[PDB]
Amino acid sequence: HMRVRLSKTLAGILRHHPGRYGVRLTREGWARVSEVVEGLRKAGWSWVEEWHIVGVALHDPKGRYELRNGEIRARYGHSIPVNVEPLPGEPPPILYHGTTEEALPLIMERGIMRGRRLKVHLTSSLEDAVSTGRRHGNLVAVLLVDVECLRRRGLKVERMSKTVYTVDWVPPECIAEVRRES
């Protein structure tokens, strides 16, 4: 079966619309795998069981998901209120945010903003930043973000996966450089 298709649906459940699949999340974002399974099956994923949902989490190349006995959550990316504790580690001095060239003027005015999500998402992987920008358009720009510039003004830069870090907002003055990718 197509793991990527099931993972995209699962990310939607755990980040955006759990109730549409019969799921209630705890305030830390955790879903009961059994509830996720039943909702997917009712939506036509007629073969899915716990084994497959757990497998999506374990095989995810990015570490999007976290498991503990009976439960699963998304580590980041949510548009519904959750509190996820950070993974250990310090952020590197530069992080990336992929976007579109068309967004640059308003980013240079208002900073990088969270939009519909709880946080602005940054990555230590330039390649991942490019692929994220490409979801929004073909003319991609990657912002290099000065992490100490965020931290010294009191903005926590929290590690959510091996490569993804969240921050409430990126002030325009903390954008060190723009790299073009067409």
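In this text, residue numbers run from 1 along the sequence as written.
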Stretch with the higher entry mean CA B-factor, where the candidates are 117 to 125 and 35 to 43: 35 to 43
Using only C-alpha atoms and the B-factors in the entry, which stretch averages higher, 97 to 105 or 71 to 79? 97 to 105
The third of the chain into which the C-alpha temperature factor of residue 133 falls is the lowest
Binned into thirds over the chain's modelled residues, the C-alpha B-factor of residue 139 lands in the highest
Among the chain's modelled residues, which third holds the C-alpha B-factor of residue 62? highest
Residue 16 by Cα B-factor - lowest, middle or highest third of the modelled chain: middle
Lowest, middle or highest third of the chain for the C-alpha temperature factor of residue 168? middle
